[PDB]
Structure formats: C-alpha cells, structure tokens
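To be precise, the following lines are upload_1.cif, and they hold mmCIF, C-alpha atoms.
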data_my_file
#
loop_
_atom_site.label_atom_id
_atom_site.label_comp_id
_atom_site.auth_asym_id
_atom_site.auth_seq_id
_atom_site.Cartn_x
_atom_site.Cartn_y
_atom_site.Cartn_z
CA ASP K 1 12.64 -88.53 36.65
CA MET K 2 10.66 -91.69 35.85
CA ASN K 3 10.02 -92.97 39.35
CA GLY K 4 9.04 -89.51 40.60
CA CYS K 5 6.45 -89.27 37.82
CA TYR K 6 5.02 -92.71 38.56
CA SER K 7 4.77 -91.92 42.28
CA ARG K 8 3.01 -88.63 41.52
CA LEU K 9 0.54 -90.45 39.27
CA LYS K 10 -0.27 -92.81 42.15
CA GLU K 11 -0.90 -89.78 44.39
CA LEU K 12 -3.08 -88.02 41.79
CA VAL K 13 -5.24 -90.90 40.49
CA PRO K 14 -7.85 -91.93 43.12
CA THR K 15 -8.22 -95.49 41.78
CA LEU K 16 -4.56 -96.29 42.51
CA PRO K 17 -3.04 -96.98 45.94
CA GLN K 18 0.08 -95.06 46.90
CA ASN K 19 2.29 -97.21 49.13
CA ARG K 20 1.83 -100.75 47.79
CA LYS K 21 3.28 -101.80 44.47
CA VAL K 22 1.36 -101.59 41.22
CA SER K 23 2.66 -102.62 37.83
CA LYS K 24 3.67 -99.60 35.77
CA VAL K 25 1.33 -100.76 32.99
CA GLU K 26 -1.60 -100.99 35.39
CA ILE K 27 -0.65 -97.53 36.69
CA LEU K 28 -0.83 -96.08 33.17
CA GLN K 29 -4.07 -98.00 32.49
CA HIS K 30 -5.67 -96.30 35.49
CA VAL K 31 -4.24 -92.97 34.32
CA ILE K 32 -5.86 -93.39 30.88
CA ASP K 33 -9.19 -94.42 32.41
CA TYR K 34 -9.08 -91.51 34.87
CA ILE K 35 -8.22 -88.94 32.20
CA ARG K 36 -11.20 -90.13 30.14
CA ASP K 37 -13.39 -90.03 33.26
CA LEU K 38 -12.39 -86.44 34.01
CA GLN K 39 -12.76 -85.31 30.39
CA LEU K 40 -16.31 -86.71 30.38
CA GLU K 41 -16.99 -85.02 33.72
CA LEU K 42 -16.48 -81.68 31.93
CA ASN K 43 -17.68 -82.34 28.37
CA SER K 44 -19.80 -84.82 26.47
CA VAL N 1 -17.23 -96.07 24.91
CA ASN N 2 -13.75 -97.52 25.37
CA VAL N 3 -12.83 -100.01 28.08
CA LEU N 4 -9.77 -101.29 26.19
CA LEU N 5 -6.73 -102.68 27.98
CA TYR N 6 -3.29 -101.56 26.79
CA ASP N 7 0.23 -102.86 27.29
CA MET N 8 3.17 -100.55 28.03
CA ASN N 9 3.65 -99.53 24.39
CA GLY N 10 -0.10 -99.06 23.94
CA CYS N 11 -0.41 -96.98 27.11
CA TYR N 12 2.19 -94.43 26.02
CA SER N 13 0.61 -94.20 22.56
CA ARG N 14 -2.87 -93.64 24.00
CA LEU N 15 -1.61 -91.00 26.45
CA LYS N 16 -0.07 -88.99 23.61
CA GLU N 17 -3.45 -89.02 21.86
CA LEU N 18 -5.40 -88.11 25.02
CA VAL N 19 -3.18 -85.28 26.30
CA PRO N 20 -3.67 -82.12 24.18
CA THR N 21 -0.20 -80.70 24.94
CA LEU N 22 1.60 -83.82 23.62
CA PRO N 23 2.38 -83.97 19.88
CA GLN N 24 1.47 -87.34 18.40
CA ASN N 25 4.45 -86.98 16.02
CA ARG N 26 7.27 -85.42 18.08
CA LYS N 27 10.19 -87.44 19.49
CA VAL N 28 9.04 -87.25 23.11
CA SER N 29 10.64 -89.36 25.83
CA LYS N 30 8.63 -91.48 28.24
CA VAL N 31 9.45 -89.13 31.12
CA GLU N 32 8.34 -86.15 29.02
CA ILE N 33 5.05 -87.92 28.27
CA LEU N 34 4.48 -88.54 31.97
CA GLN N 35 5.35 -84.92 32.80
CA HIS N 36 2.67 -83.69 30.40
CA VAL N 37 0.23 -86.29 31.74
CA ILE N 38 0.75 -85.08 35.33
CA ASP N 39 0.21 -81.41 34.45
CA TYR N 40 -2.88 -82.26 32.39
CA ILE N 41 -4.47 -84.35 35.14
CA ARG N 42 -3.86 -81.47 37.55
CA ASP N 43 -5.51 -78.98 35.18
CA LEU N 44 -8.54 -81.26 34.72
CA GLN N 45 -8.84 -81.76 38.48
CA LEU N 46 -8.82 -78.00 39.07
CA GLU N 47 -11.66 -77.58 36.55
CA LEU N 48 -13.96 -80.11 38.22
CA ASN N 49 -15.50 -78.38 41.23
CA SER N 50 -15.79 -75.13 43.13
#

Could the structure of this file be written out as structure tokens, please?
Amino acid sequence: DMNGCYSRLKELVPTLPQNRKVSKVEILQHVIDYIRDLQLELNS
Amino acid sequence: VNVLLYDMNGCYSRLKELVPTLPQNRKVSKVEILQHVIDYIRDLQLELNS
C-alpha cells in the first residue's frame, strides 16, 4: 500500500531519514535524485 | 545536468520517465508507480558494487 511504499523508499534512499517525518514530495524528490545518481554510477 | 525541483504531480511524471519498467502511457496508479520504483532502485543498488 502507499504508506508501506513510502516507508520502504525512506529505508532504501540514503539521503532520507527513516524515523522522522519528511514530506512525500521531498521523499520523491530524493528518490528521483538518487535514481539519477545510481544510473550515472553505472553509465555515462 | 538536471537539478530541477518537482511538485507531487511532477515527481510521479518524472519517475515514470526514469523507471524503464513503467510505461509512460499506461494507466498506472501511484502505488504501482512506487512499487516499480522500489524494485528498480533495488536492482540498481545490486549492480553497484561487489
């Protein structure tokens, strides 16, 4: 469900804390930035 | 070279474009988008190091 996915994203993304609140938009912003960071880590 | 900030609508749009398993045209729910995002992050993480 939605809140399980958001919690998992906080666990997986190392720029987000886990147990203090973060806006869901700022969560997804960090997710986008982290996905780009990992894609670049592999390929130019 | 993107450092753009997105709102909620923009975030879900950008995630559909970033995540290769998400169709940019299909009628996917927000929870479905996040489920694909989670599995994709995990795959990327597993490809980083050994």

Open item on the list: Expand the PyMOL selection byres ((chain N and resi 8) around 10) into the explicit residue set it covers here, and present it as a PyMOL selection string.
Closed with: (chain K and resi 24-29) or (chain N and resi 6-7+9-13)

TODO: Residues of chain K near chain N: apply a cut-off of 10 Å, count only C-alpha atoms, and supply the list as JSON, numbers by chain.
DONE: {"K": [1, 2, 3, 4, 5, 6, 8, 9, 12, 13, 24, 25, 26, 27, 28, 29, 30, 31, 32, 33, 34, 35, 36, 38, 39, 41, 42]}

Atoms to include: C-alpha atoms. Write the selected residues as a PDB file, in the coordinates of the input.
ATOM      1  CA  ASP K   1      12.640 -88.530  36.650  1.00  0.00           C
ATOM      2  CA  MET K   2      10.660 -91.690  35.850  1.00  0.00           C
ATOM      3  CA  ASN K   3      10.020 -92.970  39.350  1.00  0.00           C
ATOM      4  CA  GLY K   4       9.040 -89.510  40.600  1.00  0.00           C
ATOM      5  CA  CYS K   5       6.450 -89.270  37.820  1.00  0.00           C
ATOM      6  CA  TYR K   6       5.020 -92.710  38.560  1.00  0.00           C
ATOM      7  CA  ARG K   8       3.010 -88.630  41.520  1.00  0.00           C
ATOM      8  CA  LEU K   9       0.540 -90.450  39.270  1.00  0.00           C
ATOM      9  CA  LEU K  12      -3.080 -88.020  41.790  1.00  0.00           C
ATOM     10  CA  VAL K  13      -5.240 -90.900  40.490  1.00  0.00           C
ATOM     11  CA  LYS K  24       3.670 -99.600  35.770  1.00  0.00           C
ATOM     12  CA  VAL K  25       1.330-100.760  32.990  1.00  0.00           C
ATOM     13  CA  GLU K  26      -1.600-100.990  35.390  1.00  0.00           C
ATOM     14  CA  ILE K  27      -0.650 -97.530  36.690  1.00  0.00           C
ATOM     15  CA  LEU K  28      -0.830 -96.080  33.170  1.00  0.00           C
ATOM     16  CA  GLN K  29      -4.070 -98.000  32.490  1.00  0.00           C
ATOM     17  CA  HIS K  30      -5.670 -96.300  35.490  1.00  0.00           C
ATOM     18  CA  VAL K  31      -4.240 -92.970  34.320  1.00  0.00           C
ATOM     19  CA  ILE K  32      -5.860 -93.390  30.880  1.00  0.00           C
ATOM     20  CA  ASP K  33      -9.190 -94.420  32.410  1.00  0.00           C
ATOM     21  CA  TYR K  34      -9.080 -91.510  34.870  1.00  0.00           C
ATOM     22  CA  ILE K  35      -8.220 -88.940  32.200  1.00  0.00           C
ATOM     23  CA  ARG K  36     -11.200 -90.130  30.140  1.00  0.00           C
ATOM     24  CA  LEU K  38     -12.390 -86.440  34.010  1.00  0.00           C
ATOM     25  CA  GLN K  39     -12.760 -85.310  30.390  1.00  0.00           C
ATOM     26  CA  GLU K  41     -16.990 -85.020  33.720  1.00  0.00           C
ATOM     27  CA  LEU K  42     -16.480 -81.680  31.930  1.00  0.00           C
TER      28      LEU K  42
END

Task: Distance in Å - atom CA of residue 17 of chain K versus atom CA of residue 39 of chain N - done: 19.6 Å

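From atom CA of residue 20 of chain K back to atom CA of residue 17 of chain N, the distance works out to 28.9 Å.
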
TODO: Go ahead and compute the interatomic distance for atom CA of residue 20 of chain N and atom CA of residue 44 of chain K, in Å to one decimal.
DONE: 16.5 Å

Place N, CA, C and O atoms on segment 12-37 of chain K and deliver the coordinates as a JSON list (two decimals), keeping the file's coordinate frame.
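Printed below is rebuild-v7.json as written:
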[["chain", "number", "residue", "atom", "x", "y", "z"],
["K", 12, "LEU", "N", -2.04, -88.83, 42.44],
["K", 12, "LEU", "CA", -3.08, -88.02, 41.79],
["K", 12, "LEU", "C", -4.31, -88.83, 41.38],
["K", 12, "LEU", "O", -5.41, -88.27, 41.31],
["K", 13, "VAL", "N", -4.15, -90.10, 41.06],
["K", 13, "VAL", "CA", -5.24, -90.90, 40.49],
["K", 13, "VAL", "C", -5.93, -91.64, 41.65],
["K", 13, "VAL", "O", -5.27, -92.45, 42.31],
["K", 14, "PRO", "N", -7.22, -91.40, 41.90],
["K", 14, "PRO", "CA", -7.85, -91.93, 43.12],
["K", 14, "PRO", "C", -8.22, -93.40, 43.05],
["K", 14, "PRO", "O", -8.68, -93.95, 44.07],
["K", 15, "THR", "N", -8.03, -94.05, 41.91],
["K", 15, "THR", "CA", -8.22, -95.49, 41.78],
["K", 15, "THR", "C", -6.93, -96.27, 41.99],
["K", 15, "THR", "O", -6.96, -97.50, 41.92],
["K", 16, "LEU", "N", -5.80, -95.58, 42.24],
["K", 16, "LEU", "CA", -4.56, -96.29, 42.51],
["K", 16, "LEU", "C", -4.15, -96.12, 43.97],
["K", 16, "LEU", "O", -4.27, -95.01, 44.49],
["K", 17, "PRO", "N", -3.66, -97.17, 44.63],
["K", 17, "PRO", "CA", -3.04, -96.98, 45.94],
["K", 17, "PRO", "C", -1.69, -96.28, 45.79],
["K", 17, "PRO", "O", -1.15, -96.14, 44.69],
["K", 18, "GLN", "N", -1.16, -95.81, 46.92],
["K", 18, "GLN", "CA", 0.08, -95.06, 46.90],
["K", 18, "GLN", "C", 1.28, -95.86, 47.39],
["K", 18, "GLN", "O", 2.36, -95.76, 46.81],
["K", 19, "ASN", "N", 1.12, -96.65, 48.45],
["K", 19, "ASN", "CA", 2.29, -97.21, 49.13],
["K", 19, "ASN", "C", 2.45, -98.71, 48.96],
["K", 19, "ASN", "O", 3.37, -99.29, 49.56],
["K", 20, "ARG", "N", 1.60, -99.36, 48.17],
["K", 20, "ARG", "CA", 1.83, -100.75, 47.79],
["K", 20, "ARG", "C", 2.04, -100.81, 46.29],
["K", 20, "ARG", "O", 1.55, -99.96, 45.54],
["K", 21, "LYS", "N", 2.80, -101.81, 45.85],
["K", 21, "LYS", "CA", 3.28, -101.80, 44.47],
["K", 21, "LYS", "C", 2.16, -102.04, 43.48],
["K", 21, "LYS", "O", 1.22, -102.79, 43.73],
["K", 22, "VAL", "N", 2.27, -101.38, 42.34],
["K", 22, "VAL", "CA", 1.36, -101.59, 41.22],
["K", 22, "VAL", "C", 2.21, -101.66, 39.97],
["K", 22, "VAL", "O", 3.21, -100.94, 39.86],
["K", 23, "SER", "N", 1.85, -102.54, 39.04],
["K", 23, "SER", "CA", 2.66, -102.62, 37.83],
["K", 23, "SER", "C", 2.58, -101.28, 37.09],
["K", 23, "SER", "O", 1.54, -100.62, 37.10],
["K", 24, "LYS", "N", 3.68, -100.89, 36.45],
["K", 24, "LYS", "CA", 3.67, -99.60, 35.77],
["K", 24, "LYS", "C", 2.64, -99.57, 34.64],
["K", 24, "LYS", "O", 2.05, -98.52, 34.36],
["K", 25, "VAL", "N", 2.38, -100.72, 34.01],
["K", 25, "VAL", "CA", 1.33, -100.76, 32.99],
["K", 25, "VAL", "C", -0.04, -100.54, 33.63],
["K", 25, "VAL", "O", -0.87, -99.79, 33.09],
["K", 26, "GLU", "N", -0.31, -101.20, 34.75],
["K", 26, "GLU", "CA", -1.60, -100.99, 35.39],
["K", 26, "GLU", "C", -1.72, -99.56, 35.91],
["K", 26, "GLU", "O", -2.82, -98.98, 35.89],
["K", 27, "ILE", "N", -0.61, -98.95, 36.35],
["K", 27, "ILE", "CA", -0.65, -97.53, 36.69],
["K", 27, "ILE", "C", -1.12, -96.70, 35.50],
["K", 27, "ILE", "O", -2.07, -95.92, 35.60],
["K", 28, "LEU", "N", -0.47, -96.88, 34.34],
["K", 28, "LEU", "CA", -0.83, -96.08, 33.17],
["K", 28, "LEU", "C", -2.23, -96.41, 32.66],
["K", 28, "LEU", "O", -2.90, -95.53, 32.09],
["K", 29, "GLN", "N", -2.69, -97.65, 32.84],
["K", 29, "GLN", "CA", -4.07, -98.00, 32.49],
["K", 29, "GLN", "C", -5.06, -97.19, 33.31],
["K", 29, "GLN", "O", -6.03, -96.64, 32.78],
["K", 30, "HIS", "N", -4.83, -97.13, 34.62],
["K", 30, "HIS", "CA", -5.67, -96.30, 35.49],
["K", 30, "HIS", "C", -5.58, -94.83, 35.13],
["K", 30, "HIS", "O", -6.57, -94.09, 35.22],
["K", 31, "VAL", "N", -4.39, -94.36, 34.74],
["K", 31, "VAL", "CA", -4.24, -92.97, 34.32],
["K", 31, "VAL", "C", -5.12, -92.69, 33.10],
["K", 31, "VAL", "O", -5.86, -91.70, 33.06],
["K", 32, "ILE", "N", -5.04, -93.56, 32.08],
["K", 32, "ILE", "CA", -5.86, -93.39, 30.88],
["K", 32, "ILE", "C", -7.35, -93.38, 31.22],
["K", 32, "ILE", "O", -8.12, -92.55, 30.72],
["K", 33, "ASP", "N", -7.78, -94.33, 32.05],
["K", 33, "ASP", "CA", -9.19, -94.42, 32.41],
["K", 33, "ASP", "C", -9.62, -93.19, 33.18],
["K", 33, "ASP", "O", -10.73, -92.68, 33.00],
["K", 34, "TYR", "N", -8.74, -92.67, 34.04],
["K", 34, "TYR", "CA", -9.08, -91.51, 34.87],
["K", 34, "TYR", "C", -9.12, -90.24, 34.02],
["K", 34, "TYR", "O", -10.00, -89.39, 34.21],
["K", 35, "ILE", "N", -8.19, -90.10, 33.09],
["K", 35, "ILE", "CA", -8.22, -88.94, 32.20],
["K", 35, "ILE", "C", -9.52, -88.91, 31.42],
["K", 35, "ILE", "O", -10.19, -87.87, 31.34],
["K", 36, "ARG", "N", -9.91, -90.05, 30.83],
["K", 36, "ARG", "CA", -11.20, -90.13, 30.14],
["K", 36, "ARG", "C", -12.35, -89.79, 31.08],
["K", 36, "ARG", "O", -13.30, -89.09, 30.68],
["K", 37, "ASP", "N", -12.32, -90.31, 32.31],
["K", 37, "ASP", "CA", -13.39, -90.03, 33.26],
["K", 37, "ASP", "C", -13.49, -88.54, 33.55],
["K", 37, "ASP", "O", -14.60, -88.00, 33.64]]
